[PDB]
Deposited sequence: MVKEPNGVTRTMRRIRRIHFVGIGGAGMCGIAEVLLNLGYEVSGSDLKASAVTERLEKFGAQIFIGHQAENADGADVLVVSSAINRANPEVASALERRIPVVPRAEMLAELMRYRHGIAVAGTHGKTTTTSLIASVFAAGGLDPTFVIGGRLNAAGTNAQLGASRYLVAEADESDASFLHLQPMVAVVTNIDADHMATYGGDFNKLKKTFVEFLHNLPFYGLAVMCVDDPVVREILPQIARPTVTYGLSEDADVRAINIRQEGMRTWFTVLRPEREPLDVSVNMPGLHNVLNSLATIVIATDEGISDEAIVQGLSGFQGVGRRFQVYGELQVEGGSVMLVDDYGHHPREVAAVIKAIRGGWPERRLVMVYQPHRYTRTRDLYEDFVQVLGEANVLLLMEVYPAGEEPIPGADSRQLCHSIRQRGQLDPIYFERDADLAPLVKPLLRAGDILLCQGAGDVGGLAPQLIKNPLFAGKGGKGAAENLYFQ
């Protein structure tokens, strides 16, 4: 072949080793360097990678192409050597996208629901004995050597530079939401992405989303729509909720109605399931596998995870947890609560992540955070950053308070939430723990706290 040897600089990095593993599976020679030996380098060695510890120019000798992590500098002697001798140096994210050229690629795109849908697809495919390699957050998983399956299922992030270079056989678009970020450019991006499908590929489009519906005429590829919409090709009807479990019937062309459940509440998960069913159906997966895959799906950790119930005087409070820390993600979580439980008062705990992000998206935070009925704003999680005046939780409290609708309660990172929050809570409330940093710890503690 033209290129035989692929050399990874920083091969122990979090998403690097998965790529190396699948390239070995494809039958390339793979070498890699890292500052530190680890179980990751050990594993790659057993799969037939040549590993170097330390960086020196000669580690790249005989490389046809380099792949570098974001942690690698251009003055790294291996990179420098490759450049001096005109060897191509490819970013990790670009090589990750390239993998779909070698497999039946199912790209899951859209603003909201990509991760859960990717994971659901993988679950249903597994139920039909297919063991797909799937990609979430740049990490490759399967259940075996990564890449063995003919199937590769991956989140497709529209802000990644390799998005418009993906070559899927099947593309999902869950929705196109431009809020809290032109809108016209975003639509065009999705249209262009869908045109990377072959003329015989498949676009799986949520017609419940107004913007998806709007761009439907521009797609010019085989399309299957899904949603609650009456004109959707694949439809959920007879939706009923039973504690944590949602039941519904799915209508599909030239098939009898199919009754399914999913063990995670909210209309958003019906839509996730629908997208999965379109893809499983088109792939020829049995009704039995679909039912089992959906039914026994646990959820993705801290993706609108319902932790259950806190006991208070006169009833209970539903506890919800989500790691989203961008305004657009938070707004969607809140909308999911308002849609699913329109009568229930929303008590939100929010911690901003990073001062830079708080500064950059400040006005959007003021708007979105103001949608809560009760707001507890936790001190910023710095993630190593120095404070920025006028761009912190105290300022946000003031910005929101000034608007006359809501009076946020500020608290510090070392405070104990349970005694703070319990006196505020009333039976029928929803308590949302929202953010990363210190927030992840909270819901597990609340659920095992004496006060509840």
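Unmodelled regions of the deposited chain sequence (numbering from residue 1, in sequence order): 1-12, 156-158, 197-201, 473-487.
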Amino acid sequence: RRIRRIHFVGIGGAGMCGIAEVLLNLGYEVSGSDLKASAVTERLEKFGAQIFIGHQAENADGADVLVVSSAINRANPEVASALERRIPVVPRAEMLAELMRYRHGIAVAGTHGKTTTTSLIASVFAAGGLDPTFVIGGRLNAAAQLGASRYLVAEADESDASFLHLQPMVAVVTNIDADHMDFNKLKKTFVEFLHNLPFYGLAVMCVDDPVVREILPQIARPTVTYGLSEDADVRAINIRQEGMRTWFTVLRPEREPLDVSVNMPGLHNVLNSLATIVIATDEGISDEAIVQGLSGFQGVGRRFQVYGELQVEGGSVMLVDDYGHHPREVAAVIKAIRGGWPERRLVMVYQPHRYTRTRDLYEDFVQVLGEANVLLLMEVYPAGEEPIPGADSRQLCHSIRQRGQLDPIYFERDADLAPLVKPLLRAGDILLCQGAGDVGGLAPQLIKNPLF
From here on, numbers count along this sequence of modelled residues.
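When the other compared entries with both flanking residues are checked, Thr41 is modelled in all of them, not unmodelled in a third. Of the other entries compared for this protein that flank it with modelled residues, all give atoms for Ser69, so not even a third lack it. As listed in the deposited structure, the average C-alpha B-factor of 221-229 and of 261-269 is greater for 261-269. The stretch with the higher mean CA B factor, choosing between 186-194 and 358-366, is 186-194. For the set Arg240, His325, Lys114, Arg92, the PDB entry assigns the largest Cα B-factor to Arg240. Per the deposited record, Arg245 carries the highest C-alpha B-factor of all listed residues (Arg245, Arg303, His104, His353). In the PDB entry, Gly110 places in the lowest third of its chain by CA B-factor. Per the deposited record, the Cα B-factor of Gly428 falls in the highest third when ranked against the other modelled residues of its chain.
Per-chain ranking of the deposited C-alpha B factor places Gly48 in the highest third. In this PDB entry, the Cα temperature factor of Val124 sits in the middle third of its chain's modelled residues.
Looking at the C-alpha B-factors along this chain, the one for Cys17 belongs to the middle third.
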